[PDB]
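Peer 1: One file is attached below, entry_18.pdb, containing PDB, N, CA and C atoms.
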```
ATOM      1  N   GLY A 157      82.691 122.008  84.725
ATOM      2  CA  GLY A 157      81.247 122.096  84.873
ATOM      3  C   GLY A 157      80.500 121.574  83.660
ATOM      4  N   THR A 158      80.955 121.949  82.462
ATOM      5  CA  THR A 158      80.309 121.482  81.239
ATOM      6  C   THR A 158      80.410 119.967  81.100
ATOM      7  N   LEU A 159      81.589 119.405  81.380
ATOM      8  CA  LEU A 159      81.771 117.962  81.290
ATOM      9  C   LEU A 159      80.893 117.230  82.295
ATOM     10  N   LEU A 160      80.783 117.763  83.514
ATOM     11  CA  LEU A 160      79.921 117.139  84.512
ATOM     12  C   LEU A 160      78.456 117.208  84.102
ATOM     13  N   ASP A 161      78.026 118.335  83.526
ATOM     14  CA  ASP A 161      76.653 118.434  83.035
ATOM     15  C   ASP A 161      76.384 117.413  81.936
ATOM     16  N   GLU A 162      77.314 117.279  80.986
ATOM     17  CA  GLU A 162      77.130 116.319  79.901
ATOM     18  C   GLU A 162      77.112 114.887  80.423
ATOM     19  N   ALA A 163      77.993 114.572  81.375
ATOM     20  CA  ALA A 163      78.024 113.230  81.946
ATOM     21  C   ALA A 163      76.748 112.925  82.720
ATOM     22  N   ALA A 164      76.219 113.912  83.447
ATOM     23  CA  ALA A 164      74.952 113.722  84.146
ATOM     24  C   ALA A 164      73.810 113.508  83.164
ATOM     25  N   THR A 165      73.798 114.266  82.065
ATOM     26  CA  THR A 165      72.769 114.079  81.048
ATOM     27  C   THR A 165      72.856 112.690  80.424
ATOM     28  N   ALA A 166      74.072 112.229  80.132
ATOM     29  CA  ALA A 166      74.251 110.933  79.490
ATOM     30  C   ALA A 166      74.054 109.768  80.453
ATOM     31  N   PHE A 167      74.389 109.942  81.727
ATOM     32  CA  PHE A 167      74.324 108.871  82.715
ATOM     33  C   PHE A 167      73.391 109.231  83.866
ATOM     34  N   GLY A 168      72.219 109.775  83.549
ATOM     35  CA  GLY A 168      71.285 110.194  84.575
ATOM     36  C   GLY A 168      70.749 109.059  85.423
ATOM     37  N   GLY A 169      69.974 108.170  84.811
ATOM     38  CA  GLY A 169      69.392 107.054  85.530
ATOM     39  C   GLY A 169      69.565 105.741  84.801
ATOM     40  N   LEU A 170      70.709 105.565  84.138
ATOM     41  CA  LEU A 170      70.959 104.391  83.312
ATOM     42  C   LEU A 170      71.657 103.268  84.067
ATOM     43  N   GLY A 171      71.514 103.208  85.386
ATOM     44  CA  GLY A 171      72.147 102.171  86.165
ATOM     45  C   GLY A 171      71.706 100.779  85.756
ATOM     46  N   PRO A 172      70.433 100.454  86.003
ATOM     47  CA  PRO A 172      69.908  99.161  85.534
ATOM     48  C   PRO A 172      69.974  98.996  84.027
ATOM     49  N   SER A 173      69.799 100.081  83.268
ATOM     50  CA  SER A 173      69.863  99.993  81.813
ATOM     51  C   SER A 173      71.245  99.549  81.346
ATOM     52  N   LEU A 174      72.297 100.208  81.839
ATOM     53  CA  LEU A 174      73.651  99.820  81.455
ATOM     54  C   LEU A 174      74.027  98.458  82.021
ATOM     55  N   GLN A 175      73.520  98.115  83.206
ATOM     56  CA  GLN A 175      73.747  96.778  83.749
ATOM     57  C   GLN A 175      73.191  95.714  82.812
ATOM     58  N   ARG A 176      71.953  95.909  82.348
ATOM     59  CA  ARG A 176      71.353  94.977  81.400
ATOM     60  C   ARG A 176      72.123  94.958  80.088
ATOM     61  N   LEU A 177      72.576  96.127  79.628
ATOM     62  CA  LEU A 177      73.362  96.199  78.399
ATOM     63  C   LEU A 177      74.612  95.333  78.499
ATOM     64  N   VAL A 178      75.385  95.508  79.573
ATOM     65  CA  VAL A 178      76.642  94.777  79.719
ATOM     66  C   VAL A 178      76.384  93.285  79.900
ATOM     67  N   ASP A 179      75.389  92.926  80.720
ATOM     68  CA  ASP A 179      75.085  91.515  80.939
ATOM     69  C   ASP A 179      74.644  90.842  79.643
ATOM     70  N   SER A 180      73.770  91.500  78.878
ATOM     71  CA  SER A 180      73.321  90.935  77.615
ATOM     72  C   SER A 180      74.470  90.824  76.624
ATOM     73  N   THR A 181      75.334  91.841  76.567
ATOM     74  CA  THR A 181      76.480  91.795  75.665
ATOM     75  C   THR A 181      77.377  90.605  75.979
ATOM     76  N   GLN A 182      77.719  90.421  77.259
ATOM     77  CA  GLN A 182      78.618  89.330  77.616
ATOM     78  C   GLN A 182      77.966  87.973  77.376
ATOM     79  N   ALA A 183      76.674  87.833  77.697
ATOM     80  CA  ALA A 183      76.002  86.556  77.473
ATOM     81  C   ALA A 183      75.930  86.220  75.989
ATOM     82  N   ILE A 184      75.579  87.204  75.155
ATOM     83  CA  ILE A 184      75.474  86.967  73.719
ATOM     84  C   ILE A 184      76.834  86.617  73.134
ATOM     85  N   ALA A 185      77.884  87.343  73.533
ATOM     86  CA  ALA A 185      79.215  87.057  73.002
ATOM     87  C   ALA A 185      79.693  85.669  73.417
ATOM     88  N   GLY A 186      79.468  85.291  74.679
ATOM     89  CA  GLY A 186      79.867  83.966  75.120
ATOM     90  C   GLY A 186      79.130  82.859  74.392
ATOM     91  N   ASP A 187      77.810  83.003  74.242
ATOM     92  CA  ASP A 187      77.042  81.976  73.546
ATOM     93  C   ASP A 187      77.398  81.922  72.064
ATOM     94  N   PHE A 188      77.708  83.073  71.464
ATOM     95  CA  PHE A 188      78.129  83.103  70.070
ATOM     96  C   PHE A 188      79.461  82.390  69.880
ATOM     97  N   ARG A 189      80.422  82.613  70.782
ATOM     98  CA  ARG A 189      81.673  81.868  70.682
ATOM     99  C   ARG A 189      81.455  80.379  70.923
ATOM    100  N   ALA A 190      80.508  80.023  71.793
ATOM    101  CA  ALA A 190      80.188  78.612  71.987
ATOM    102  C   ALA A 190      79.628  77.985  70.715
ATOM    103  N   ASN A 191      78.781  78.715  69.988
ATOM    104  CA  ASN A 191      78.132  78.190  68.792
ATOM    105  C   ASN A 191      78.759  78.705  67.498
ATOM    106  N   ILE A 192      80.017  79.151  67.546
ATOM    107  CA  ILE A 192      80.697  79.640  66.346
ATOM    108  C   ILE A 192      80.792  78.573  65.259
ATOM    109  N   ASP A 193      80.947  77.300  65.632
ATOM    110  CA  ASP A 193      81.065  76.254  64.614
ATOM    111  C   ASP A 193      79.802  76.119  63.768
ATOM    112  N   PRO A 194      78.585  76.039  64.335
ATOM    113  CA  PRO A 194      77.396  76.109  63.471
ATOM    114  C   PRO A 194      77.307  77.394  62.665
ATOM    115  N   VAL A 195      77.750  78.521  63.229
ATOM    116  CA  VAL A 195      77.732  79.784  62.494
ATOM    117  C   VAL A 195      78.647  79.702  61.279
ATOM    118  N   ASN A 196      79.855  79.163  61.471
ATOM    119  CA  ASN A 196      80.779  78.997  60.355
ATOM    120  C   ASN A 196      80.210  78.050  59.309
ATOM    121  N   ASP A 197      79.585  76.956  59.752
ATOM    122  CA  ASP A 197      78.992  76.010  58.812
ATOM    123  C   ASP A 197      77.898  76.669  57.982
ATOM    124  N   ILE A 198      77.028  77.452  58.627
ATOM    125  CA  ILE A 198      75.972  78.156  57.903
ATOM    126  C   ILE A 198      76.577  79.114  56.888
ATOM    127  N   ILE A 199      77.543  79.927  57.328
ATOM    128  CA  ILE A 199      78.153  80.920  56.446
ATOM    129  C   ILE A 199      78.793  80.250  55.236
ATOM    130  N   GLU A 200      79.473  79.121  55.448
ATOM    131  CA  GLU A 200      80.220  78.509  54.356
ATOM    132  C   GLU A 200      79.353  77.646  53.449
ATOM    133  N   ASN A 201      78.234  77.112  53.941
ATOM    134  CA  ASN A 201      77.457  76.170  53.151
ATOM    135  C   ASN A 201      76.101  76.691  52.695
ATOM    136  N   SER A 202      75.667  77.871  53.149
ATOM    137  CA  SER A 202      74.379  78.393  52.705
ATOM    138  C   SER A 202      74.426  78.864  51.257
ATOM    139  N   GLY A 203      75.578  79.348  50.802
ATOM    140  CA  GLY A 203      75.740  79.847  49.455
ATOM    141  C   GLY A 203      75.413  78.873  48.336
ATOM    142  N   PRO A 204      75.900  77.623  48.418
ATOM    143  CA  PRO A 204      75.564  76.646  47.363
ATOM    144  C   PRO A 204      74.076  76.463  47.108
ATOM    145  N   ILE A 205      73.282  76.175  48.143
ATOM    146  CA  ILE A 205      71.859  75.900  47.945
ATOM    147  C   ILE A 205      71.137  77.135  47.424
ATOM    148  N   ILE A 206      71.430  78.296  48.010
ATOM    149  CA  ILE A 206      70.743  79.521  47.616
ATOM    150  C   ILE A 206      71.080  79.886  46.176
ATOM    151  N   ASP A 207      72.359  79.794  45.798
ATOM    152  CA  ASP A 207      72.730  80.087  44.417
ATOM    153  C   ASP A 207      72.175  79.046  43.455
ATOM    154  N   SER A 208      72.029  77.798  43.908
ATOM    155  CA  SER A 208      71.384  76.783  43.084
ATOM    156  C   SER A 208      69.941  77.159  42.797
TER
ATOM    157  N   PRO B 206      87.603  86.015  57.676
ATOM    158  CA  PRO B 206      88.026  85.280  56.471
ATOM    159  C   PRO B 206      86.867  84.794  55.617
ATOM    160  N   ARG B 207      85.693  84.570  56.212
ATOM    161  CA  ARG B 207      84.521  84.089  55.491
ATOM    162  C   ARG B 207      83.612  85.217  55.024
ATOM    163  N   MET B 208      84.154  86.411  54.815
ATOM    164  CA  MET B 208      83.343  87.567  54.451
ATOM    165  C   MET B 208      82.918  87.577  52.981
ATOM    166  N   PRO B 209      83.773  87.187  52.017
ATOM    167  CA  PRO B 209      83.255  87.016  50.647
ATOM    168  C   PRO B 209      82.120  86.012  50.562
ATOM    169  N   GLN B 210      82.179  84.946  51.360
ATOM    170  CA  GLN B 210      81.075  83.997  51.406
ATOM    171  C   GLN B 210      79.822  84.636  51.994
ATOM    172  N   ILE B 211      79.985  85.530  52.973
ATOM    173  CA  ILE B 211      78.840  86.266  53.508
ATOM    174  C   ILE B 211      78.225  87.153  52.431
ATOM    175  N   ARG B 212      79.068  87.837  51.652
ATOM    176  CA  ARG B 212      78.567  88.672  50.563
ATOM    177  C   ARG B 212      77.821  87.838  49.530
ATOM    178  N   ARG B 213      78.371  86.669  49.188
ATOM    179  CA  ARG B 213      77.698  85.764  48.263
ATOM    180  C   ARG B 213      76.350  85.317  48.811
ATOM    181  N   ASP B 214      76.295  84.980  50.103
ATOM    182  CA  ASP B 214      75.037  84.555  50.710
ATOM    183  C   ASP B 214      74.005  85.672  50.686
ATOM    184  N   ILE B 215      74.423  86.907  50.968
ATOM    185  CA  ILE B 215      73.485  88.028  50.976
ATOM    186  C   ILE B 215      72.942  88.287  49.574
ATOM    187  N   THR B 216      73.830  88.321  48.574
ATOM    188  CA  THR B 216      73.383  88.561  47.204
ATOM    189  C   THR B 216      72.462  87.446  46.722
ATOM    190  N   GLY B 217      72.820  86.195  47.014
ATOM    191  CA  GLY B 217      71.964  85.085  46.644
ATOM    192  C   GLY B 217      70.625  85.124  47.349
ATOM    193  N   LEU B 218      70.615  85.539  48.618
ATOM    194  CA  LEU B 218      69.360  85.651  49.352
ATOM    195  C   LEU B 218      68.454  86.695  48.722
ATOM    196  N   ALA B 219      69.022  87.839  48.333
ATOM    197  CA  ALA B 219      68.233  88.870  47.665
ATOM    198  C   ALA B 219      67.654  88.355  46.350
ATOM    199  N   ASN B 220      68.489  87.697  45.540
ATOM    200  CA  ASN B 220      68.019  87.193  44.251
ATOM    201  C   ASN B 220      66.956  86.113  44.425
ATOM    202  N   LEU B 221      67.155  85.206  45.384
ATOM    203  CA  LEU B 221      66.175  84.155  45.637
ATOM    204  C   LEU B 221      64.864  84.741  46.136
ATOM    205  N   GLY B 222      64.936  85.768  46.984
ATOM    206  CA  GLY B 222      63.724  86.437  47.415
ATOM    207  C   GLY B 222      62.971  87.064  46.260
ATOM    208  N   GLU B 223      63.693  87.719  45.345
ATOM    209  CA  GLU B 223      63.033  88.306  44.179
ATOM    210  C   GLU B 223      62.375  87.236  43.315
ATOM    211  N   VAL B 224      63.070  86.120  43.092
ATOM    212  CA  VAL B 224      62.507  85.048  42.272
ATOM    213  C   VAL B 224      61.270  84.455  42.938
ATOM    214  N   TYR B 225      61.341  84.223  44.250
ATOM    215  CA  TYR B 225      60.198  83.683  44.977
ATOM    216  C   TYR B 225      59.030  84.660  44.985
ATOM    217  N   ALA B 226      59.308  85.961  45.084
ATOM    218  CA  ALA B 226      58.241  86.954  45.007
ATOM    219  C   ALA B 226      57.585  86.954  43.633
ATOM    220  N   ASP B 227      58.381  86.773  42.577
ATOM    221  CA  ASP B 227      57.812  86.686  41.236
ATOM    222  C   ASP B 227      56.948  85.439  41.071
ATOM    223  N   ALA B 228      57.379  84.311  41.634
ATOM    224  CA  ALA B 228      56.699  83.039  41.412
ATOM    225  C   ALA B 228      55.640  82.706  42.459
ATOM    226  N   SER B 229      55.508  83.513  43.517
ATOM    227  CA  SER B 229      54.604  83.153  44.611
ATOM    228  C   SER B 229      53.123  83.137  44.240
ATOM    229  N   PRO B 230      52.545  84.160  43.579
ATOM    230  CA  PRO B 230      51.082  84.135  43.369
ATOM    231  C   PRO B 230      50.581  82.906  42.630
ATOM    232  N   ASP B 231      51.302  82.477  41.591
ATOM    233  CA  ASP B 231      50.911  81.275  40.866
ATOM    234  C   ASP B 231      50.976  80.056  41.774
ATOM    235  N   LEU B 232      52.033  79.964  42.585
ATOM    236  CA  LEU B 232      52.175  78.839  43.501
ATOM    237  C   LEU B 232      51.026  78.793  44.497
ATOM    238  N   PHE B 233      50.612  79.949  45.016
ATOM    239  CA  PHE B 233      49.570  79.945  46.038
ATOM    240  C   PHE B 233      48.193  79.674  45.441
ATOM    241  N   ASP B 234      47.923  80.175  44.231
ATOM    242  CA  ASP B 234      46.677  79.811  43.560
ATOM    243  C   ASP B 234      46.627  78.312  43.283
ATOM    244  N   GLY B 235      47.739  77.757  42.789
ATOM    245  CA  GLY B 235      47.818  76.324  42.597
ATOM    246  C   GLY B 235      47.663  75.551  43.888
ATOM    247  N   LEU B 236      48.173  76.094  44.995
ATOM    248  CA  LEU B 236      48.016  75.432  46.286
ATOM    249  C   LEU B 236      46.566  75.451  46.751
ATOM    250  N   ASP B 237      45.847  76.549  46.505
ATOM    251  CA  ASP B 237      44.421  76.592  46.832
ATOM    252  C   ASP B 237      43.649  75.524  46.066
ATOM    253  N   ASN B 238      43.831  75.491  44.745
ATOM    254  CA  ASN B 238      43.115  74.499  43.949
ATOM    255  C   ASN B 238      43.587  73.081  44.264
ATOM    256  N   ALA B 239      44.858  72.927  44.638
ATOM    257  CA  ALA B 239      45.371  71.630  45.048
ATOM    258  C   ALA B 239      44.777  71.196  46.376
ATOM    259  N   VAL B 240      44.479  72.141  47.268
ATOM    260  CA  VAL B 240      43.759  71.803  48.491
ATOM    261  C   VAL B 240      42.352  71.338  48.160
ATOM    262  N   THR B 241      41.706  71.999  47.195
ATOM    263  CA  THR B 241      40.386  71.548  46.755
ATOM    264  C   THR B 241      40.431  70.096  46.277
ATOM    265  N   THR B 242      41.340  69.793  45.345
ATOM    266  CA  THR B 242      41.411  68.425  44.834
ATOM    267  C   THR B 242      41.969  67.448  45.867
ATOM    268  N   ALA B 243      42.735  67.928  46.849
ATOM    269  CA  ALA B 243      43.254  67.051  47.889
ATOM    270  C   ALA B 243      42.160  66.659  48.870
ATOM    271  N   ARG B 244      41.277  67.600  49.211
ATOM    272  CA  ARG B 244      40.089  67.247  49.977
ATOM    273  C   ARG B 244      39.213  66.283  49.189
ATOM    274  N   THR B 245      39.106  66.498  47.873
ATOM    275  CA  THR B 245      38.382  65.554  47.024
ATOM    276  C   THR B 245      38.965  64.148  47.138
ATOM    277  N   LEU B 246      40.292  64.034  47.047
ATOM    278  CA  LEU B 246      40.939  62.726  47.116
ATOM    279  C   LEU B 246      40.812  62.109  48.506
ATOM    280  N   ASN B 247      40.929  62.928  49.555
ATOM    281  CA  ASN B 247      40.815  62.428  50.921
ATOM    282  C   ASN B 247      39.416  61.902  51.209
ATOM    283  N   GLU B 248      38.385  62.569  50.686
ATOM    284  CA  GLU B 248      37.024  62.086  50.888
ATOM    285  C   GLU B 248      36.767  60.744  50.210
ATOM    286  N   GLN B 249      37.590  60.352  49.240
ATOM    287  CA  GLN B 249      37.438  59.073  48.551
ATOM    288  C   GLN B 249      38.739  58.278  48.572
ATOM    289  N   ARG B 250      39.379  58.194  49.741
ATOM    290  CA  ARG B 250      40.581  57.371  49.858
ATOM    291  C   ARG B 250      40.268  55.900  49.618
ATOM    292  N   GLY B 251      39.156  55.415  50.176
ATOM    293  CA  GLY B 251      38.771  54.030  49.962
ATOM    294  C   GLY B 251      38.482  53.726  48.505
ATOM    295  N   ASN B 252      37.791  54.644  47.824
ATOM    296  CA  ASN B 252      37.514  54.462  46.404
ATOM    297  C   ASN B 252      38.800  54.429  45.593
ATOM    298  N   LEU B 253      39.758  55.299  45.922
ATOM    299  CA  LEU B 253      41.031  55.306  45.207
ATOM    300  C   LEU B 253      41.805  54.012  45.434
ATOM    301  N   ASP B 254      41.815  53.507  46.672
ATOM    302  CA  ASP B 254      42.500  52.245  46.949
ATOM    303  C   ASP B 254      41.851  51.083  46.206
ATOM    304  N   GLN B 255      40.516  51.036  46.194
ATOM    305  CA  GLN B 255      39.819  49.997  45.443
ATOM    306  C   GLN B 255      40.103  50.114  43.952
ATOM    307  N   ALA B 256      40.169  51.346  43.439
ATOM    308  CA  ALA B 256      40.506  51.553  42.036
ATOM    309  C   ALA B 256      41.906  51.049  41.725
TER
END
```
Written as C-alpha cells, that's how I'd like the structure from this file.
Peer 2:
Amino acid sequence: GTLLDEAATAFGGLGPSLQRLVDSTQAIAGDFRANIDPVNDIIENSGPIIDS
Amino acid sequence: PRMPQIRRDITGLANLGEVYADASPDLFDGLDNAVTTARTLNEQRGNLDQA
C-alpha cells in the first residue's frame, strides 16, 4: 500500500510530461552524437585563444 | 579524455571574464566618444577624401 501510494504521488499525471522528457532526451543525445566532432574541436581549441 | 582541457577552458573563461569586467568601463566610454568622432568623420567623408 505504501509503495503504491508513493508511486501514485510520483506518477500522478506525468504521462505527457514524461513522454516529452524521454523524447527530448533521445533527440538531444542523438543530435549531440551527430555533432560530437564540432564539440570536440571546441573543447580542444578554445583553451589557446582564451588563455592568450 | 578531454576533461583537463575542459577544466582549462573553464578557468580561462573565468579569468577572461574578470579581465573584461575590469577593462569594460574604459572601453565603453572610449566607444561613446569614438562614436562622437566617427559621426564627425562620416559627416565630412568628402572633405576627408579631398584632404
Peer 1: Counting only C-alpha atoms, which residues of chain B come no farther than 10 Å from chain A, as a ChimeraX atom specification?
Peer 2: /B:207-222
Peer 1: Just the number, please: distance in Å from atom C of residue A:166 to atom CA of residue A:178, one decimal.
Peer 2: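 Separation of atom C of residue A:166 and atom CA of residue A:178: 15.2 Å.
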Peer 1: Give the padded box for stretch 228-231 of chain B as JSON: axis-aligned, covering all atoms listed in the file, 5 Å on each side, centre and edge lengths in Å to one decimal.
Peer 2:
```
{"center_x": 54.0, "center_y": 82.2, "center_z": 42.7, "size_x": 16.8, "size_y": 14.3, "size_z": 13.7}
```
Peer 1: How many Å separate atom N of residue B:254 from atom C of residue B:233?
Peer 2: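 So the answer is 27.0 Å.
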Peer 1: Using atom C of residue A:181 and atom C of residue A:162 as the two end points, give the distance in Å to one decimal.
Peer 2: 24.7 Å
